[PDB]
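Asker: Build me a model from this:
(2 chains)
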There are 2 protein chains.
Amino acid sequence: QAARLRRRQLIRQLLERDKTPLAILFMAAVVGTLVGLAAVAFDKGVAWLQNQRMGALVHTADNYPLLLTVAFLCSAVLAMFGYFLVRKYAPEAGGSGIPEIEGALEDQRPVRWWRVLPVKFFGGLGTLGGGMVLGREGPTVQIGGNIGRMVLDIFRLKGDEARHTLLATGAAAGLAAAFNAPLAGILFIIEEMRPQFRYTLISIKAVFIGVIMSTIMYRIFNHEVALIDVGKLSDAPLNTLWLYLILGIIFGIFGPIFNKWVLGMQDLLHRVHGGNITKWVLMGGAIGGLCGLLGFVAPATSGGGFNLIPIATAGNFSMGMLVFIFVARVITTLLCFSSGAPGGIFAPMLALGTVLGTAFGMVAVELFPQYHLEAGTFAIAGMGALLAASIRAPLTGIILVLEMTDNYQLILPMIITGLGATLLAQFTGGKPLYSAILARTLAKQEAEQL
Amino acid sequence: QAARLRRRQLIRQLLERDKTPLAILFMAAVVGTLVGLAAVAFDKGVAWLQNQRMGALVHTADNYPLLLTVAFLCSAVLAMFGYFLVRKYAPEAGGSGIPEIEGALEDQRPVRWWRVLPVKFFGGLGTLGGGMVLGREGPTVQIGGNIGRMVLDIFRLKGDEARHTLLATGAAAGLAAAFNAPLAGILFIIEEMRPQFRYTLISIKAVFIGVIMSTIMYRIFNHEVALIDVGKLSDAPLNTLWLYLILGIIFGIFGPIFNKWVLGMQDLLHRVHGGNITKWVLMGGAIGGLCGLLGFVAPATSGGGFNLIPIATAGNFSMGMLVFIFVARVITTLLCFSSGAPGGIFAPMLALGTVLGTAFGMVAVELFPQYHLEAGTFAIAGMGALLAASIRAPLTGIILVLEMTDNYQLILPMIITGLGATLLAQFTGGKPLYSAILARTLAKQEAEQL
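Answerer: Residues are numbered from 1 along each chain as shown, chains lettered A, B, ... in the order given. Right below this line is the structure:
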């Protein structure tokens, strides 16, 4: 009656599966190559700005108050340039980028590469070289999605498959070249950024080609540089997995509160300046200079956060130092991302989770020594646990931490901590962060139509 | 314009994203535990039958003709029992079973647990203890899906989300417990064994809990036992990725030829018995006896295929022995799987991929000594490449070879070989194997049945 109707359609569909068009495969190769080159150039510009920042710091190493003022000024002017470019030329090129390029894969949120690529590139360059605690993945994944749309519009590809596949392969190429992590890009685009409530024709065989050419363009210009080089930690036996479940419960209790904090401060800071261009640029300059001066006095609360994950997994931190770094780092990340700067929050979540993981593993190693514990395996497990409770994408959290730490023997602690985080963030009332920001800006856009 | 209605439903759906019922999450925990226990009991039964079958020979080791006849009888009676149980009490238990579960996720080909579970269990036990070239993976993916449907019908869960989610977590727990690969168990569901043409409601968190509990129930019972133990090989520089591209092109133009072979041999052996029960069990007994005789004399062409996979990865295989193993393994895999025995092909395609990759690696390292190559890196890159060109599931092929070889430094040769394989299997024009078997057994059920 109806099964006869669907069975012939299912046979006709299964006998020709996985036939994507060669036009889309070739444009996905060009998209992935351009996104890898743009991410390499963005990384080199950020590092050259930070090196010139440190050189201007050491240029006058005789007067301490003058050094603190020149640190504040040289970071604040770069932050003012980034906030001005974003706030004057492109109101949708500030923040993370993953909501504004995830809403573009659901046929809303128009991607405008001509007024995103230079402004998000140069503004994220300014506010990331200034020292503000932001991840260089969000600026490169919105650059990735917009390079995908730019190739689609230049070569005049038609169809509804080509647009979604090129936005997805641009975004996955951006996440692959930000972290040197090829598998995390595909597992981020088929688990988090595709439309979760309907059916779209994203071709994984083209997302893969974008990720391959992007990671090859990363490895051409980044030879023998590991982003995170932890050693080779001891394995976790079967009588120790309950501790990683407890750590997952702690991250799942913490995650939704971090979501509520970032969504609350991102309009508590709007209550300061009201939306004005000059007052927004002045407030952004104040917080960028504050994070730049924290880049000199106590130089662990600022920065991207990737220069303390190799420290906080081999010991080398006091408990008081861990609590001070966690408190001031959560303060500075909630101040820097939620103000409106161009910069993601993946990297100060992978750095904010390792501090909490070391602070739990250092408790657990002394609470009972009958297991012969180490305070580093709990940090490796808890790295992608705030990334699994806050943004609630545990599969790409676990895959990305397995990519950039290369400790496979902790895969069962990693999956148990990330999954306890996801479950206890669900049973607390924690909506995912990248969907909450997207739904918030869509409701704001709808209220601005009346 | 209906885009405003799509926006309003999108806001209401993004706020309520990833919120799975607690009943589904608990029942997927129970599915994971039961499929872990079923795969552990299945592996121990196959191990004990292989031990007794190969130990009775040296127990009664008088003379060589009697030794060969007792090898043939000791394998052929077990294979006769498996074929008879399949073709008498559950005809869907024949073959791999990933097509039957891949159909039952689309509300066709109904999973009768009370007929498949004991027949796939004991029949796969007989035909896999008989030393046949059959995977341990198929008869535990289908046992996993049937356990999932069993406990859904036991606890009486209604809805459409519960059925797809418990069948998907059963198949995921089966593939996680067959290979000790937790990540590939989820990655087979989210990109190969879901409904690939319409939206369905498989919650990834329940598949995650099922995979975790299944891998814990594996690792309790055979800890410190890895299936594939290769050493830390040499890394692959950037000027030698085009070699892995050429190896991917070789696998891609071999994939559809092997699919044509298995889908043709599955009728060429059907003409031998004509659907008759007596001639089918007699032909299957001759096949299983041949696979036991080959498992006794020249043993590295029979059995599951994980025994020779660390020898081929940089071991004592010559170019004259690798060709013999490849031709005899493809002839025995075809003759043993296309005849309808209960046993998957997903596990003896890893061995064929490793043999072809080792042959290419030994040609390449002799063809130029300027790159300082190795055959072992080509074997680990080409392991899950016939699995990416034949069943055309590249992401889970790459994930699974990353899982059970513990070499992340070859992730770029792995992805390049897998993508060369999928591309040059698509341009040649081969369908995926596990969908071109389901399309065949759906066209048969439509036309040749009613």
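
Asker: Counting by contacts, list what the top helix by length along chain A packs against.
Answerer: In chain A, taking DSSP state H as the definition, the longest helix is helix A:22-59. Packing partners of helix A:22-59 (3 or more C-beta pairs under 8 Å, 6 or more residues apart in numbering or on different chains; DSSP states H and E): helix A:64-89, helix A:117-129, helix A:138-154, helix A:160-179, helix A:204-221. To be clear about C-beta, it is placed using only N, CA and C from the backbone, and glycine gets the same treatment.

Asker: Comparing those, which comes out most buried?
Answerer: helix A:160-179 (a mean of 29; mean count of other C-beta atoms under 10 Å in any protein chain shown).

Asker: related to what we said a few turns ago, closest one to chain B among the helices and strands packed on helix A:22-59?
Answerer: Ranking the helices and strands packed on helix A:22-59 by distance to chain B, with C-beta to the nearest C-beta as the measure, places helix A:204-221 first at 5.3 Å.

Asker: what's the following helix or strand after that closest one?
Answerer: Scanning forward in sequence from helix A:204-221 by DSSP states H and E, the next helix or strand is helix A:241-268.

Asker: Can you mark which positions in that following helix are buried?
Answerer: A:241, A:243-245, A:247-248, A:250-256, A:258-259, A:261-263, A:265-266 (16 or more other C-beta atoms under 10 Å in any protein chain shown).

Asker: Stretch A:27-41 too?
Answerer: For stretch A:27-41, burial by neighbour count (16+ other C-beta under 10 Å) applies to A:27-40.

Asker: Tell me which two of these sit farthest apart.
Answerer: Spatial extent of the buried residues of stretch A:27-41 (C-beta to C-beta) is set by the pair A:27 and A:40 at 20.4 Å.

Asker: Find the closest residue to chain B in the stretch 51-200 of chain A.
Answerer: Going by C-beta to the nearest C-beta, chain B is nearest to residue A:199 of the stretch 51-200 of chain A, at 4.3 Å.

Asker: Check for me that that residue belongs to a helix.
Answerer: No - if the criterion is DSSP: H, G, I helix; E, B strand; the rest coil, then residue A:199 is coil and not within a helix.

Asker: for the closest residue to it other than its chain neighbours, what are its contacts?
Answerer: In space, and not counting its chain neighbours, residue A:199 is closest to residue B:199: 4.3 Å by C-beta to C-beta, 6 or more residues apart in numbering or on different chains. Neighbouring residues of residue B:199 by C-beta atoms under 8 Å, 6 or more residues apart in numbering or on different chains: A:197-199.

Asker: Of those residues, which is the nearest to residue A:236?
Answerer: For the contacts of residue B:199, the closest approach to residue A:236 (C-beta to C-beta) belongs to residue A:197, at 37.0 Å.

Asker: I'd assumed residue B:12 was in contact with the closest one.
Answerer: No - applying C-beta atoms under 8 Å, one finds residue A:197 not in contact with residue B:12, separated by 10.1 Å.

Asker: what sits in contact with each of those two?
Answerer: Listed as contacting both residue A:197 and residue B:12 by C-beta under 8 Å, 6+ apart is no residue at all.

Asker: ok now stretch A:334-351, how far from the chain's centre?
Answerer: In terms of C-alpha atoms, centre = their mean, to the nearest Å, the gap separating the centre of stretch A:334-351 from the centre of its chain is 8 Å.

Asker: Restrict that stretch to CA atoms and write it as PDB.
Answerer: Only the C-alpha atoms of stretch A:334-351 are listed here, as PDB (Å, rounded to 0.1, in the frame of the first residue of the first chain):
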ATOM      1  CA  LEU A 334      34.000  36.000  29.700                       C
ATOM      2  CA  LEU A 335      35.100  39.600  29.300                       C
ATOM      3  CA  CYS A 336      36.900  39.200  25.900                       C
ATOM      4  CA  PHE A 337      34.600  36.900  23.900                       C
ATOM      5  CA  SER A 338      31.300  38.300  25.200                       C
ATOM      6  CA  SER A 339      32.300  42.000  24.500                       C
ATOM      7  CA  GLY A 340      32.100  41.600  20.800                       C
ATOM      8  CA  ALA A 341      35.600  41.000  19.700                       C
ATOM      9  CA  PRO A 342      36.400  38.800  16.700                       C
ATOM     10  CA  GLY A 343      37.600  35.600  18.300                       C
ATOM     11  CA  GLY A 344      36.400  32.200  19.100                       C
ATOM     12  CA  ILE A 345      36.100  30.300  22.400                       C
ATOM     13  CA  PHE A 346      37.200  26.800  21.500                       C
ATOM     14  CA  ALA A 347      40.800  27.600  22.500                       C
ATOM     15  CA  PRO A 348      40.000  29.200  25.800                       C
ATOM     16  CA  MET A 349      37.800  26.200  26.500                       C
ATOM     17  CA  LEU A 350      40.400  23.700  25.700                       C
ATOM     18  CA  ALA A 351      42.700  25.700  28.000                       C
END
